[PDB]
Structures are given as C-alpha cells and as structure tokens.
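Beneath this line is the structure, given in structure tokens, with notes to follow.
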Amino acid sequence: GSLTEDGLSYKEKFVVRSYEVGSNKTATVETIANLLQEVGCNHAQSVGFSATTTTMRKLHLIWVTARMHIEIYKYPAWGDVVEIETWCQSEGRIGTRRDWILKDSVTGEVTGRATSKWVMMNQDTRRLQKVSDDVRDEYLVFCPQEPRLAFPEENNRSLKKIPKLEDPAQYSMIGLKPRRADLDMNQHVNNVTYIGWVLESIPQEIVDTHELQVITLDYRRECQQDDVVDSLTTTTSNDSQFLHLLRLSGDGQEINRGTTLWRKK
Amino acid sequence: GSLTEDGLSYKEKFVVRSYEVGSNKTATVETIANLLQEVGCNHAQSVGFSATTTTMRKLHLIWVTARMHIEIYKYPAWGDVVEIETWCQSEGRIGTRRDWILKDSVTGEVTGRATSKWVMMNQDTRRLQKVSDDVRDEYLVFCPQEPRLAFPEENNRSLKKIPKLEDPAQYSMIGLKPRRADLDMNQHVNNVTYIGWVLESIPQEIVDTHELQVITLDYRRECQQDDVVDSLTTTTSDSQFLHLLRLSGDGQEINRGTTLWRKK
Ligand SMILES: CC(=O)NCCc1ccc(S(N)(=O)=O)cc1
Ligand SMILES: CC(=O)NCCc1ccc(S(N)(=O)=O)cc1
C-alpha cells in the first residue's frame, strides 16, 4: 500500500482469500469491512500515527465509531485483486469521517464505497465531546481541505435517520456471544462482529436468493467481552429492505440499530 | 505465491493485518491456521485443481481432516511478513498428509511448523475408506516421492494418542454456536472455528501470562450449521491441558485435543 502523490489519501491492493468468501465464491460483507479497517489502519500508520492526534493522547481522548454505511455493487471473487482508496475529513466540532472507494484492479471500475462517522470520547469516563480547535488543527494536516465525499448525492442513504424496531420482531437470533477471535488487539469487540450479528437474524432464504447491496449501522453502546446479544430483524419492504436491532439478551439495553437493502439475484 | 523450482512444494508471503493480531500485537493461532488453509488452497490451484483427484470426483470422494498439529516458536507481529511453504504426501492406503513450515521473511528463521492428516470419505454416505491404487497414482504426481516431514523426530508430539476428558471438566464454555462468518464457501463449519472453540475454555489468566506453543486436534465428527457446542478443558500438568468439544444436548463428541503453553 501507499499514500497517493499529494499525501492526502491511501491505496492498497488485496487478493481475496479462500476462507474470506461465501456460498457465491465472492467476498462476504464482513471480509470487505475488515479490509476497510486494515486500509484505514495502514493509512494512519503512513501519516505518522500509533489517528489519535498529539493533543488527544495528552487529554486521554480517542475516536469511536458512531455510524458505518457500506454500498457494494459487485463483491470481488476468490483470487481477484481489489484496490481500496481511503481518506479522512474533519467535520468541524462534530467529529471526523473516514471514506473508502473500492475498485476492481483489472477494470478500474468502482465496485463499492463506504463512509463512517467518528466522535471523540474520553477513554476513562466514556463521555463524548466536541472536537476542540487544537485537535482540528492537528487532524487537518493529513486531510483534503475541500470536501471529498464517497457519497456526494444531496439525498443519499448514508445520512438517513434509523427508527427503533418495536417488539415483536419478525425474525430473531438470540444468545450471540463474542469469542476471542471477535476481539481486537486492545480486547474490545471488533466493530465488524456487529455486522455479522445483525446479519444472523436475516432468513437463510433471503441470503440464498439475494445479494446485500447496502448496510447502514448506528452504534449506540459497546458490547463487552462477557455480554450476550439478541439480533432482531423486521422486513420493511425486486428489492427487500429490513430494519435491525441488536440489544443485550438480559435487560434489553440497545447496542446497535441499522437497515439493510438486498437485491434479487 | 509460487510453486518451487522442482514443482513439489509451494511458497507464499503474507503481511500480518491489524485485525489478525491479539493482545500481544502478534498473529493469533487462528490467523496462523487460516493462512495455512489459504497457502494449501493456492498450492492445490497451482497444481491443476483450479486436491480431489480426477478419479475421486467420478467416485464422489472427498478429503476430510482427521488431525491437525501446529507448533509455533514465534508469532509474527502486526505488519511483519511471514513466508509459508507447504507440500503434500501420500501415506499408502491410509490417507494423505499436508505439511507446512513458517519462516520470518527477514531473518529466514523457522518460526513455526504444522502437519495435518486427511482421510478419504464418500461425500454422500459420509463413510470413510482406504485410498486405493488409482487415487494414490494420481496424487503422487505433485508430491515428493521420498519422505519429507515437517516433524521428523522419531516420537514427536504430532503422533501422540489423545485420551477422552472425563466429567467433571475443570473449565468449560457452553452454548457455542457458529455464525455465517464461521462457514466456508460450501456452507460447512471452517476447521479453524474448532481451534477457537477449544481455546474458549482456557482461563483468560493463562492467555495473559502464557503463549500457546503446541496444539493437537483430533477431528471425530463435523459440527453442523445449526449445532450447539460445549468446550471442556482440564489441566494435565509449562502448562498443558486436555480438551473436549461435544454437542450441548446429547454430548456427542466432535473433537478432542491437547495444548502446551509456555510462561511469557
Ligand atoms: C456516552 C457515549 O455514548 N459514549 C460512547 C460509548 C461507545 C458507544 C459505541 C461504541 S462502538 N463504536 O464500539 O459501538 C464505542 C463506545
Ligand atoms: C464415518 C466418519 O467418521 N466419517 C467422517 C465424518 C467427518 C468427521 C469430521 C470432519 S471435520 N474434519 O470437519 O472435523 C468431517 C467429516
């Protein structure tokens, strides 16, 4: 992988592995989400990090995911090479955004795109806060100054408000729990695990006859290593749409909400 | 990746990814096991299975894993490049073996080794059988003819008999179930999932103070997509453990194994 000429974005190529693909012999959406995290991490390393700015480490502040939106037009097949470009942007005092574009390395065509919103949190108290003047200054040195959006359209799916699923859910998968492979190097549940858990409550018949086109996830609370989760889904709709809710198995505390759009094969 | 000069083994390099490492910022044993499957698959593709031989497809025969043994001396760190070499061998009518050697790409030093035993099964009836002359002849064309072993030592850990854990287990993790990410492209539970489930019943304190050096797994029955599993572990001792995976309801054995851990 490498930073581009202007030093304001990063590109990396990945060969899709045998264990990374589903029944259609193309990369799962969780494989795509893991590749997005990996190219994001390689970009942060290339621009000097170990993207928590200098003032953030002094103030015990970290970035946490508020929303993730992914749209895939074609999933890369096993053995294919996919090129992913990523960049960051400051969104004033609200937070930051990381965007990605996925292309078929052979044709150069866009096969997918993604965007994520991140908010600042105190690592100790877990209290959210606005981005201060000093943090914005440090973050702006490796971002494009003019807006550069993976989803530019002035009425796009990535900015839609998601409602809370009301009981009873049409479908459910109960008693989901993370194992060590679902944790990251800091022993937190990896964000991609929540995508997998959301998808567990979609009927196998939809998965067999449809391809996932869009997924939007709204992160509300972090699942602990010893937590147990229920995944709920209700159909809202040649396209099928669903509303999703992840909540703790016991008290029902919301952890995530989202929506998915599927197109008939 | 590429076949070697003689066309009898295959090598591939992998850069360890951020999501592939554990709390020590080195690759987990499940990441290593997935890389072993991937280099094995690239080798099979390079030798013409673009490794079920021509006569196996006509007879509805497939290879299934009987045992997996992995020994790691050093886990590669996040961002490091690891080179893995793999090859296969016919073991008469018993079955076949796939072996692997892992090296640090910068130093050329051996950092790990693995070996796996495979037996022939009818895909429809699920009945096991001996390999047969025609299948051995077809398999021998891409294998070394003289023995080449990742574990040559005459009484090494990869060939030890594993006993059945007796109740009560010292530790347990119950109600484990596979999700779609644990399945392979044919909707079967990926073999690496069983390594993860075995490790779930090891106390977090051992994981925090020790590094896993050796794991041996004996595969007895396949876990279905809708099955639920219990993972049991008892200390037999470095720390050593005996493991058992069984179905949560009736207690049908699915796997048994052992692990050896070295103090950090
Ligand atoms: C007060 C408050 O909301 N704090 C943020 C806690 C917090 C919520 C969600 C996540 S995530 N992206 O892992 O789902 C992390 C931390
Ligand atoms: C009669 C008999 O044992 N048939 C083999 C069944 C069989 C057992 C185990 C596995 S594995 N490698 O997925 O754990 C697959 C198939």
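Here Swiss-Prot sets the residue numbers for chain A, with the shown residues being 75-124, 129-315, 332-359 in order.
This deposition comes from X-ray crystallography, 1.6 Å.
Quick reminder: no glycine exception, Cβ is built from N, Cα and C everywhere.
Features of the protein shown, as given by Swiss-Prot:
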{"type": "ACT_SITE", "residues": "A:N264", "note": "active site"}
{"type": "ACT_SITE", "residues": "A:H266", "note": "active site"}
{"type": "ACT_SITE", "residues": "A:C301", "note": "active site"}
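The Cβ neighbour count for A:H266 (active site), using a 10 Å radius and every protein chain shown, is 16.
Just so you know, the Cβ of A:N264 (active site) picks up 8 other Cβ atoms within 10 Å once every protein chain is counted.
Think of the gap as 16 residues with no coordinates, bounded by A:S315 and A:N332; the Cα atoms of those bounding residues are 10 Å apart. All protein chains considered, the CB of A:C301 (active site) has 22 other CB atoms within 10 Å. On a Cα basis, A:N264 (active site) lies 14 Å away from A:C301 (active site). Chain tracing stops at A:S124 and picks up again at A:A129, leaving 4 residues unmodelled; the C-alpha atoms of these two are 7 Å apart.
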